[PDB]
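Asks: Protein chains in written order, with PDB author numbering: chain D, 3 to 535; chain A, 3 to 535; chain B, 3 to 535. The beta-carbon is built from N, C-alpha and C at its ideal position, and this holds for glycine as well.
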Amino acid sequence: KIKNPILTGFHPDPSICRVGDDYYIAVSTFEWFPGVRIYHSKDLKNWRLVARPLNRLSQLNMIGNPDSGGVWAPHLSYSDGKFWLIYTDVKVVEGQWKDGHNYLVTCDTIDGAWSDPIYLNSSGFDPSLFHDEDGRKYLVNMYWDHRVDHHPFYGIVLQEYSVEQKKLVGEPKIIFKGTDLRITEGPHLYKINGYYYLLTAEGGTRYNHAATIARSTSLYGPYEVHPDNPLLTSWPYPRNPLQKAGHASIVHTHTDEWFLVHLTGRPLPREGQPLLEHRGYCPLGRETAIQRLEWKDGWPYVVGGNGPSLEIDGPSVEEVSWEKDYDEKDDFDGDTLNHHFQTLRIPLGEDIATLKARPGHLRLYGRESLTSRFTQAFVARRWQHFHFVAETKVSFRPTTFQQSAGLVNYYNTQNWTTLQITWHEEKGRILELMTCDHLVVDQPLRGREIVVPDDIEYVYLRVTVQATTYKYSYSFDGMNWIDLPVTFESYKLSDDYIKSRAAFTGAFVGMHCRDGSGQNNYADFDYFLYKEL
Amino acid sequence: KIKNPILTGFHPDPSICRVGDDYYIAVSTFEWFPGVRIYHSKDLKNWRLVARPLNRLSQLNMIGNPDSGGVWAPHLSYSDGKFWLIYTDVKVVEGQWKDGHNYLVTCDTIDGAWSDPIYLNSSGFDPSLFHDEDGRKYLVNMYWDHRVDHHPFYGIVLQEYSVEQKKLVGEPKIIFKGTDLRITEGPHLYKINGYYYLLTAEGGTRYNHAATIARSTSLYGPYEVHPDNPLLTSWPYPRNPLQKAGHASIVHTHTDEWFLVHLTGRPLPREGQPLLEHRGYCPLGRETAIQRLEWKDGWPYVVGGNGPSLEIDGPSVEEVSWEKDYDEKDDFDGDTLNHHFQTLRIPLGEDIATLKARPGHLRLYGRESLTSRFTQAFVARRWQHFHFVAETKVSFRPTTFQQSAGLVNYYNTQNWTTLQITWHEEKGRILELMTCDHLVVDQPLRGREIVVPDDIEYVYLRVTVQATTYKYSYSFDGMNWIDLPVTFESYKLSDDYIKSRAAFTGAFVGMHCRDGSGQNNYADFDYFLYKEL
Amino acid sequence: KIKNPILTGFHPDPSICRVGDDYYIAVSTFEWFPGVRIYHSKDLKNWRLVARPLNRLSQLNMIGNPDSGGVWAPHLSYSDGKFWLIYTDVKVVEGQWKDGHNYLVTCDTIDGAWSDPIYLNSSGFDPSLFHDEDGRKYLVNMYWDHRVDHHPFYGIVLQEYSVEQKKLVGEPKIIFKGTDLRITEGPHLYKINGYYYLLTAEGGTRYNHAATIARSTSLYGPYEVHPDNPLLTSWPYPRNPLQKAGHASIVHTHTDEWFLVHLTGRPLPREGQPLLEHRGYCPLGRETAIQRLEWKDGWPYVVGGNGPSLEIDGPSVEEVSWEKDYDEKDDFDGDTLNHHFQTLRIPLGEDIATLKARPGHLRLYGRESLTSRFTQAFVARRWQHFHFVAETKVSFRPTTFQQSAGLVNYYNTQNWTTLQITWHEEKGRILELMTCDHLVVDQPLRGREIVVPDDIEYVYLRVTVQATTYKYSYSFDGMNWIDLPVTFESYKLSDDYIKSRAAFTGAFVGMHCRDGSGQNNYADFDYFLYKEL
Ligand SMILES: [Ca+2]
Ligand SMILES: [Ca+2]
Ligand SMILES: [Ca+2]
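1) Closer than 8 Å by C-beta to A:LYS326: which residues in its own chain qualify, once you throw out the five before and the five after it? Chain order, please.
2) Using a beta-carbon distance cut-off of less than 9 Å, what residues from the segment 277-298 of chain B approach chain D?
3) For A:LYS84, name the three-state secondary structure that DSSP assigns.
4) List the residues of chain D that B:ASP230 touches, going by C-beta distances under 7 Å, in chain order.
5) Tell me where the beta strand (DSSP E) around residue 536 of chain D begins and ends.
6) Can a CB atom of chain D be found closer than 8 Å to the CB of B:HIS153?
7) Could you list which residues in chain D have their beta carbon closer than 9 Å to that of A:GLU96, in chain order?
8) Spatial neighbours of A:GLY300 within its chain, please: CB distance less than 8 Å, with the 5 preceding and 5 following residues excluded, ordered by chain position.
9) Which residue comes first and which comes last in the beta strand (DSSP E) that contains B:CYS438?
10) Along the chain, which unbroken stretches of the beta strand (DSSP E) at least 3 residues long are found entirely within the segment 138-191 of chain B?
11) What residues match up with residue 574 of chain B in a beta bridge as DSSP calls it?
12) Where does the unbroken beta strand (DSSP E) through A:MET513 begin, and where does it stop?
13) Report the three-state DSSP secondary structure of B:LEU201 (helix, strand or coil).
14) Is any heavy atom in ligand 2 found nearer than 7 Å to the beta carbon of A:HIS426?
15) What does D:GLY306 reach in chain A if we use C-beta pairs closer than 9 Å?
16) Could you pull out every residue in the same chain whose Cβ sits closer than 6 Å to the Cβ of B:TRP297, ignoring the five residues on either side in sequence?
17) From the DSSP output, in three-state form, read off B:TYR328 for me.
18) Give a yes or no on whether the minimum CB-CB distance between D:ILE458 and chain B is below 8 Å.
19) Count the CB pairs spanning the segment 14-21 of chain D and the segment 247-264 of chain D that are closer than 8 Å, and state whether there are at least three.
20) If you measure between the beta carbons of B:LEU366 and B:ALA355, is that distance less than 8 Å?
21) At a Cβ threshold of 8 Å, is A:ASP444 touching chain D?
22) Spatial neighbours of B:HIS148 within its chain, please: CB distance less than 6 Å, with the 5 preceding and 5 following residues excluded, ordered by chain position.
23) Step through the CB atoms of chain B and report whether any lies within less than 8 Å of the CB of D:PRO238.
24) Which whole runs of the beta strand (DSSP E) in the segment 250-328 of chain A are 3 residues long or more, in chain order?
25) Give the residues whose C-beta lies closer than 7 Å to at least one heavy atom of ligand 1, in chain order.
26) Can you tell me the Cα-Cα spacing of B:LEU350 and B:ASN57, whole angstroms?
27) Identify every residue that forms a DSSP beta bridge with A:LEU9.
28) Can you name, in chain order, every residue of its own chain whose Cβ lies under 8 Å from the Cβ of A:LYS84, other than the five neighbours on each side?
29) What would DSSP say about D:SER492, mapped onto helix, strand or coil?
30) Which residues in the same chain as B:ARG241 place their Cβ atom closer than 8 Å to its Cβ, once the five residues preceding and following it in sequence are excluded?
31) According to DSSP, what are the bridge partners of B:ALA505?
32) By the 7 Å beta-carbon criterion, what residues does the segment 169-185 of chain D contribute toward chain B?
33) Provide the residue span of the beta strand (DSSP E) that contains A:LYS395, from first to last.
34) For the segment 380-402 of chain D, which residues have a CB atom closer than 7 Å to at least one CB atom of chain A, in sequence order?
35) Flag this pair as yes or no: are the beta carbons of D:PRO446 and D:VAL391 separated by less than 8 Å?
Below, the structure written as structure tokens:
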């Protein structure tokens, strides 16, 4: 029935929420705006994107945020007639500190206008809101220890949240220190039988990742750990196509069944490589998967052992699937950008991105370079398959080398590749390739750039991705295409390749326009095509 | 009569401006808020701070800005009965790009409410406005080349500025490529006798720094280079106490005399070290000096060779000295912080820094770590001398290791040291040392931390800087001091030590409070003492 | 019956050989001279050093050899009335190449004058001689692939050796490529039942290490791999005190029993650290352990699962215990240095190290520094316990800072610490600490070196190692001891700390004398003491 991953491409930290017979999963979005994606399902198999809650500067202001800062793991719940969304804005992501703030927003409906944030605390990321049976509310999060002689993951902190006073009350207490896997994060609380069950993520979000579960009769512990912990992990299964299994959340369905959603990374093919030396590269980032849970002696168990199954049995409900929510060829005739498109850190107003200036075209007025954490005229969508084609049609007339416009394959500000139109003193308006690898830039078509003829209005730009490798191509007419003689490697756009280890997103493909002279020069994009192959 | 530097500690890129018998210098301030410091003098010997023009978010919004980003070289001038201040907000300071924006503000007076900014261009930093003798205005700046096969300093660009239209009009034109020293920046135009003189900075702002001058009978050139260029440089003078002489501006006094203000670095004592191997470390950063000029065959000449002299002859005027504009022991009596104190990137409101919460105390409500480019509860002043003592007295009750308050000696987010009060599980409230060196943190007193007794209201914190080294000491009663047994090295808080190259500020000393838990805990500082020894 | 490890401290790549009811283990020695250690046992429990075969420069000339070059995994066998020892001299240990040459030497007895070397090949390390039941002999080793886009471990090459002709004959052929673990290494052939069994090490000699075994009816394959492979590994057993389990050799006992000897690393205590993030630091290097085998369906199985056991049941023989073969306090009254002492790379003659010059003393005439891969006057023995004291008493009169003598804890030329006597211009004869970490040197007692009174003939030097940390101490009278106020960390002298990953030895402690002036000054060491606990 259900084949994993259920949300493919960049969809980390799944937070599942049941309301009656409707099912919702919220995922993390990091530096990508608007914040948080929420998907809806009736059967836990078929998923549609239904909300992007954090879309006002008042809720989320990420200008200047570092790569893989911003919205880390979110928590979605439903109680007292409304949804509650907890999120972080992480400002520091390297060194001894992880400075970040936790906020609560609510909405009567999933896709409404969510409230302005209530500040909660800053003591660590992965905040989660528990609604106890007695009506009381409790916030759990990881607690950050910056000290040099210490492991940073101090455990799980708990504090009561007062709905009336709109603040945390009483005194924060550590309720769980973790197991020897450490890196204890992603806390979630569940009241089942006579017990409070505390789910955590452990071992870090790379190949040692795990989901850990413990139980207590007291909300404050001590929590005893699952006798066969971890509840879930891919670490001891190096051949499993689903790696990095952890950061899970539990759903008890209306049909009295139990399921476990979690993130996973799918490494590129590694034939002829040592199995254990380096466990792979994941250009699709961390995706969402689902597993079935069964119960023994007051403990939940992943059906099929503690490793993640590629295929599972769905809940005992009717199949409810959804119509495709985007066009393979987006011709930009709508009065809104398709919701699969995102921008970096900030919303782009009509002065930067516009569908209005020229009907049938997305106009991007050139801003800063692809290395800027501030203002980029860049509109992009996730890689969601290993094998796909992406294509755009653009008219652009740069008057200086400081201006560019192109198709970008992009991981972060220091890691990206592009086929772009720019200007050259001798050759005039040209086509070139440009790559950025850990801030180091190369121009591989150096001295051999494609001259664009004065009479060509639209340049056609394409990328064809084939698992491990990809190639750029172009056309001046839309029918006859020419390969550019450079083979690119998809592993360079993966979490695992990034040397900072603050690498929590995934590859995007999109349309960019830069104007470094500040003359407000723009490019018109007639369509954007994304098609799985 | 005039001893250099005239402005000590962090005071780079002096832009001099004459209005009658009044003289003003504007210097760059980078990430430090508010933007730009303007000093006033009558005699060019004695200088007083009179303006801090960029004090509104509408003018300068640097949250998230990289270290040594923000406000680079400013340009101050006076024309048509008003002051004209040109400045940059530089967003990217490493790699192939230098994303940054150029703005103009004006004020009828030096110390009034400067206008909201008019956006100029983005083509490169070091913008300068020229007021031609016919009433037309011209902007010159550097033109940035990001290409791999190319030197970044494409030369000097010029475009007319329309006062009435509030924008640049016509087409931008490169008027000068520079000499073979390259790194052509800091352009300033002057109409003298019958020539347009173009003064540039070349060689880079390190030890190869130079001031290059050229002239043309046409504004658009071609420009002919001074026959004995550089006009000013320190490079051939390795024994000169004033290094890095460059980025100059020219004043013609009301006494028909000519001077040249310039930045300079003052390396720490390096007796016994090889003269040319490494030319020094400057913790006072780039400071402002002044040279005398003389004219020979339509060319200005720095008096006493093209190297900077330590002492010059002042202009033919009466000496006017100023009263001391800060207290040695600032007891925080005013309803405003002394103008030598600045904040990082952003203004701090009364929710973060206040003199109103506890009379005669600066209260700092704890925010993010010393590594944050976002919101730090940090109030600091420049090291302005090689030998000094700085001291504070603070009330602070931390309830967690997530909270701290202390005395900080600070270069940037990744380079600093501190004597701070925090909390320890076993020891309770404690004093400790902490250093950060290129993001790597050490805690020199780990396991040896100073236990602060419960009955102690105030902890006194002291730093004593003796040129190449400094030491922290503490006291519980204000009378009996104990040195902490660790000797620090001042060269680690210097421009020349920072491996990024983007190191354009200088050492500061100040008061910090962090609350990483988000509980709004605060520290009350009774006084701040800074005294030259 | 038997507690692991059986050979403690630096004892990697065990090659076991049975001759009747005598058992022999040879281990690798890398840059330490003489080459190869052979231990003897009757019961597999108690082991005594009996031979150091490679003691002539004709056999082993290692001057200039890089750290962790020289003698890699050896192979010891017995057939046709003599012992056969195969060894490598590895010259290149970093980069695409691993240049090294394989040699055979023979001796009628374990401890006699071994023959001069018969050169064999250079196709890759871990050579092993097989003696087929039909009186023919074949060499197996790993095949080295230097190519830029190739895994260097091409597999196992096999080739016949001819006794009469003193060389290899016929055609070389690959018999095994390995499993997905790769890094295929340490091949050994055994004829058991109707199958040839080929044993290899896979996964690399760090935490992914395994022993792999396969079988075939033909000497040339194809080899089918053990269905429950690996035969032995510590990888899926992160809590096991014995890690890196692999590079095994098989013994069949005169009692019709089967055992597997292997190398293993025992990480230092790491309480509070993430189980999987970094699996540990092993200052005792790679040690020798022993496992029991059983047979099931024509395949051998490690008794007690495929992870290594800490305690095993040895073979049904009478226990034969050995007398201690060194004095706790070696007073240097003997004619020759105790055989637990080794020198770096080369033998040291009486011109450098001698027990004859000064009765009751080991005299070292100073040579090159601790960073020299050529001639060091350095006599050292293995760290063999996590908790020990080592101590010496030395007479030394340096006349220049170019001269030193002291007690050294040493990993390689770039990684060591020492308490040493030297000379200072103003203080004169001093005692100081010095450390070297990846070539970076520190003097942590700089400016506070201990003045040695001129009337003191002997300085007493001590190190006390307590698992994760150690401290040096000194005395002038041998009764009253003062700690030097620096705590050192044992992990910095471990295989796992070394950045080059050519780190195959272990920590040593010994006596050193340097004379950088060439005045042939010397140090007289009265005793050397090593004591567990
Ligand atoms: Ca269209
Ligand atoms: Ca006061
Ligand atoms: Ca003796």
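Replies: Taking the coordinates as given:
1) Indexing the second sequence from 1 puts residue 326 of chain A at position 324. Excluding positions up to five away in sequence, the list is empty.
2) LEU277, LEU278 and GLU279
3) Translated into positions along the second sequence, residue 84 of chain A becomes position 82. Note: A:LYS84 maps to strand in three-state DSSP.
4) Translated into positions along the third sequence, residue 230 of chain B becomes position 228. Ordered by position in chain D, no residue passes the 7 Å Cβ test against B:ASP230, which lies about 15 Å from the chain.
5) One cannot answer for residue 536 of chain D here, as it falls past the ends of chain D, which runs 3 to 535.
6) As a working mapping, residue 153 of chain B is identified with position 151 in the third sequence. Chain D contact via Cβ: present.
7) Looking up residue 96 of chain A in the second sequence gives position 94. Think of a sphere of 9 Å around the beta carbon of A:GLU96: the chain D residues whose beta carbon falls inside it are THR373 and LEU441, in chain order.
8) Here the question's residue 300 of chain A lines up with position 298 in the second sequence. If we look at A:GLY300 and ignore the five residues flanking it on each side, its Cβ neighbours are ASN195, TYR197 and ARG217.
9) Against the third sequence, residue 438 of chain B aligns to sequence position 436. That run of the beta strand (DSSP E) goes 430-439.
10) 139-146, 155-164 and 169-178
11) No answer is possible for residue 574 of chain B: it lies beyond the span of chain B, which begins at 3 and ends at 535.
12) Along the second sequence, read from residue 1 onward, the residue named residue 513 of chain A stands at position 511. Note, A:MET513: beta strand (DSSP E), 510-517.
13) Counting from 1 along the third sequence, the entry for residue 201 of chain B is found at position 199. In the structure shown, the three-state DSSP call for B:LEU201 is strand.
14) For this step, residue 426 of chain A is matched to residue 424 along the second sequence. Result no, Cβ not under 7 Å from ligand 2.
15) Numbered from its first residue, the first sequence carries residue 306 of chain D at position 304. Going along chain A, no residue has its Cβ under 9 Å from D:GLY306, so there is no contact; the nearest lies around 41 Å.
16) Here residue 297 of chain B refers to the residue found at position 295 of the third sequence. Contacts found: none.
17) Taking the third sequence and counting its residues from 1, the one referred to as residue 328 of chain B is at position 326. The DSSP-derived three-state label of B:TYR328 is coil.
18) Along the first sequence, one-based indexing puts residue 458 of chain D at 456. False, the Cβ-Cβ gap to chain B never drops below 8 Å.
19) yes
20) Taking the third sequence and counting its residues from 1, the one referred to as residue 366 of chain B is at position 364. Taking the third sequence and counting its residues from 1, the one referred to as residue 355 of chain B is at position 353. In this structure, B:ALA355 lies closer than 8 Å to B:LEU366 by Cβ.
21) Counting from one through the second sequence, the residue named residue 444 of chain A turns up at place 442. At least one beta carbon of chain D lies nearer than 8 Å to the beta carbon of A:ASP444.
22) Here residue 148 of chain B is taken as the residue at index 146 of the third sequence, counted from 1. Excluding residues within five positions, the ones whose Cβ falls inside 6 Å are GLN98 and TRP99.
23) By 1-based counting over the first sequence, the position of residue 238 of chain D is 236. Chain B, which has a Cβ nearer than 8 Å to the Cβ of D:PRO238, makes this yes.
24) The segment 250-328 of chain A contains these whole beta strand (DSSP E) runs: 260-267, 288-297 and 302-304.
25) D:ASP333, D:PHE334, D:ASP335, D:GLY362, D:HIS363, D:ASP528 and D:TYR529
26) The count along the third sequence starts at 1 and reaches residue 350 of chain B at position 348. The count along the third sequence starts at 1 and reaches residue 57 of chain B at position 55. Each residue's alpha carbon lies about 11 Å from the other.
27) One-based indexing of the second sequence puts residue 9 of chain A at position 7. Answer by DSSP bridge pairing, in chain order: A:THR290.
28) Here residue 84 of chain A is taken as the residue at index 82 of the second sequence, counted from 1. Within its own chain, the residues whose Cβ lies closer than 8 Å to the Cβ of A:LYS84, once the five positions on either side in sequence are excluded, are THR108, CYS109 and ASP110, listed in chain order.
29) Stepping through the first sequence from its first residue, residue 492 of chain D is reached at position 490. Three-state result, D:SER492: helix.
30) What you label residue 241 of chain B is simply residue 239 of the third sequence in a count that begins at 1. Result list for B:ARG241: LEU277, in chain order.
31) The residue given as residue 505 of chain B occupies position 503 in the third sequence. Looking at the DSSP assignment, B:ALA505 forms no beta bridge with any residue, so it has no partner.
32) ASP182, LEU183, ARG184 and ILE185
33) Taking the first residue of the second sequence as position 1, residue 395 of chain A is located at position 393. 389-398 is the span of the beta strand (DSSP E), which, as asked, contains A:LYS395.
34) none
35) Position 444 of the first sequence holds residue 446 of chain D. Position 389 of the first sequence holds residue 391 of chain D. For the pair D:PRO446 and D:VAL391, the CB atoms are not nearer than the 8 Å cut-off.
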